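>>> Fold the following.
(5 chains)
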Amino acid sequence: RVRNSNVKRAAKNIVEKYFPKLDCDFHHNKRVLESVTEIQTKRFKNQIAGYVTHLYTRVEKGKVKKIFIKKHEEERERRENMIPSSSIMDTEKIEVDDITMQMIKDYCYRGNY
Amino acid sequence: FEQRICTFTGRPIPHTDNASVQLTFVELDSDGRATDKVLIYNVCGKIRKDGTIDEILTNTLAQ
Amino acid sequence: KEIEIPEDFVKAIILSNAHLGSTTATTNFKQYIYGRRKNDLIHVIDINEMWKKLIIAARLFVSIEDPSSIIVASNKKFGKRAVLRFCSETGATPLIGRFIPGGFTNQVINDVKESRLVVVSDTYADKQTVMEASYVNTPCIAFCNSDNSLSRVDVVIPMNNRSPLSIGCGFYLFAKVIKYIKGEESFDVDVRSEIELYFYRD
Amino acid sequence: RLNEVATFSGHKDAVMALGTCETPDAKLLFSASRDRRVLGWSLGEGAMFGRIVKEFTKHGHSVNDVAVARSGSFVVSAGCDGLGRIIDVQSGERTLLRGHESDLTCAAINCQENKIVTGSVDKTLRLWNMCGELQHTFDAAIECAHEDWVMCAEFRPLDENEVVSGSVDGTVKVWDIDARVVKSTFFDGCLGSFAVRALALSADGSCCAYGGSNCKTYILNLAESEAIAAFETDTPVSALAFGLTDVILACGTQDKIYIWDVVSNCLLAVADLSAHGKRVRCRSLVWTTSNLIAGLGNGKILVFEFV
RNA sequence: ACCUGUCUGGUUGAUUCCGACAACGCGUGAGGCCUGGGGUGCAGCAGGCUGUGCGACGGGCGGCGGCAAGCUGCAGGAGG
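Residues are numbered from 1 along each chain as shown, chains lettered A, B, ... in the order given. Dropping the coordinates below:
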């Protein structure tokens, strides 16, 4: 069945606040949920903890664009710092097409068609 | 009572116009640094939405 | 006098293809056009007109007391780090992705500050922000392409926004003139290492 | 240099714990699992090897750990229903342990089979003796006791009554229980992402190891209370045991089996379990005198021979 | 006047949700819920009785859809 915003916004908060304490197995993922929240009825725990596992599977792939986890940007900034092959050194004697050089005739360098 | 005369048109800025914008510009030094004094500019509403506020502000600030 | 472009900076914008303007130019853009390529039917933008609109935009930026009041926005994902590397540097407030409409008018939402200037990457992509700025008496600088609309834009920076490096170069140079206007940093920047943070690499 | 010899029929859900015993000419294996049963496996002659001998199915929920005596007379069960049990494998009859609040996680028996420790998610690890007598609860009365669940706990073998205890805060807290005071609390070798899930003890009792949820394993000598070495793992390593008659370790993670030499501090071999299942997850491998036996999160229990 | 919010599309028994979005946040209803029914853990007592819990969430896997929501088959299971 389809979960609602009372479950999905809840389970979004659980994976967002408490991501490292979670795991892909559901029964461990429910065992954190009584320890760390207060949810009254045992069916509605299973509604939430089920969708937490359905979130934690795709956040393990990192697919969701909304939620944001402290580990997942510090790993991202390592990926952000590419060893830079910027073409400012790679381009030598820049080939600029015939009319593009004429606009730079006042102050010019690296002239090629 | 007083109403802001728009600088570029010379017209008064219309009554309670939201598109009317205050424009502030610091005077620029000879080497290109900021100075404490500021050019203060009044812009009418309709000249923004026409898009003609750009080319007039180019030639005014070119002076 | 007039500030001269560094050979360092003009090295960037040719391989940015920022002068590779567009196929179409409006009559509001023809003063930013020295010529058009007769081969590819592409208008080539004036660099000298591009550079002086940058320093006016930098002049308009610093004129507010607090740069954090300025809300700079970019809809596309090309300029996601171009506005993120900007606001860590310039000390402004970033807006990324879809601008939620009513972000300046509706007072039930208080995510960001009440703007005293906005600058956008594209008026086509951020038509919602440039309209919403006009409702609250807020100025608008914009990077504007050769085909782009320029209504409700105070300062047009004629430059391309349809390349991933292009707004990354433009937001870089706009950050470069800002501390040059304050005198915080001269043009001794060594672009080898700095502009790549603005660049969209994935 | 590892060879997967055989497999077991096994359960229909994740095996939480494995355990063996040194008996007069019989090698039992007790496999605790998530389908509320713990099986008894013999490993003798090859026709008898791999056949179910004992079976206990009266637990309420997942038997999160099991503990086999070095004498082999009895088997201590740790269940997620909240009640540990001490099962007499010849009788088939069990006692009960009522102390914990909820969801008991780990269990261990003394070298001398006098006392048993049971750890749970209620921030407690309560000790029982062989009759069901709750002697002491180690929650907050002793200072430097961890503030979350205890996922694993064991006994130091040659040491008389020292108990090791891994927890969700990443602190492997070890204490002498002779006087109820904490001896040491480790953190990455020095003294909730960092979360040790299972630990192992050596035969000589000095060498010890603990994996974790920080994708790292730390191997340390408790007598010096110093870290021997450290070994890095791809996924959050869960399973951990120690090799018999050699200074050799074997870690099991979500997908792979890392057999790490201690004294050489280099990786001897790796076995991947991706061939079997997709939700394969090795929980609680354990060594025998012949060859090490590793259980899986789908239900199969795989037998490997080391070279 | 009204419209948007309250929706192109996809989805659901559900205006249930995913998503794009001049809307953003909420609220009823829906759900959650309460009772009975099956499985068994403990406890108490004597056509066996009644307390206390556990157990299923669509979780796992395969294929569609992929910010997906979800749909569908199988295994496991007392129960889908």
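
>>> Quick one: the helices in chain C, in order.
C:7-15, C:47-62, C:80-90, C:127-134, C:164-182, C:191-198 (DSSP state H).

>>> my bad, should have said chain D
Counting by DSSP H, chain D contains no helices.

>>> Can you pull the residues of it lying near RNA strand E?
Within chain D, the positions near RNA strand E by CB under 7 Å from any atom of the strand are D:12-13, D:35, D:57-61, D:81, D:83, D:96, D:98, D:278-279. To be clear about C-beta, it is placed using only N, CA and C from the backbone, and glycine gets the same treatment.

>>> Please identify which of the helices of chain C is closest to chain D.
helix C:80-90 (25.5 Å; CB to the nearest CB).

>>> Residues contacting that closest one, please?
A:80, C:61, C:67, C:72-74, C:92-96, C:121, C:167-168, C:170-172, C:174-175, C:178-179, C:197-200 (CB atoms under 8 Å, 6 or more residues apart in numbering or on different chains).

>>> List just the one of the helices of chain C that sits closest to residue A:91.
helix C:7-15 (5.8 Å; CB to CB).

>>> tell me what the closest one is packed against?
helix A:87-90, helix C:47-62, helix C:164-182, helix C:191-198 (3 or more CB pairs under 8 Å, 6 or more residues apart in numbering or on different chains; DSSP states H and E).

>>> In it, which residues are buried?
Residues of helix C:7-15 classed as buried by neighbour count (16 or more other CB atoms under 10 Å in any protein chain shown): C:9, C:10, C:11, C:12, C:13, C:14, C:15.

>>> and what of stretch B:5-19?
Of the residues in stretch B:5-19, B:6, B:7, B:8, B:9, B:13, B:17, B:19 count as buried by neighbour count, 16+ other CB under 10 Å.

>>> which one among the residues you listed gets closest to residue A:57?
Distance to residue A:57 across those (CB to CB) is lowest for residue B:19, with 49.8 Å.

>>> so how far does stretch C:142-158 reach from one end to the other?
9 Å (CA to CA, to the nearest Å).

>>> residues contacting the residue of chain D found nearest chain A?
Residue nearest to chain A within chain D: residue D:193 (4.0 Å; CB to the nearest CB). Contacts for residue D:193 were tallied using CB under 8 Å, 6+ apart; they are A:20, A:71, D:170, D:213, D:214.

>>> ok, now how distant is the spatially most central residue of chain C from RNA strand E?
With distances taken as CA atoms, centre = their mean, the residue of chain C nearest its centroid is residue C:143 (4.2 Å). Per CB to the nearest atom of the strand, to the nearest Å, residue C:143 is found 19 Å from RNA strand E.

>>> Hmm, residue C:161 and that residue touching each other?
Yes: using CB atoms under 8 Å, residue C:143 is in contact with residue C:161, at 5.6 Å.

>>> Select from the residues of chain D next to RNA strand E the one having the most neighbours.
In terms of neighbours by other CB atoms under 10 Å in any protein chain shown, those top out with residue D:59 at 23 neighbours.

>>> ok, now which ones touch that one?
D:36, D:37, D:38, D:77, D:79, D:81, D:85.
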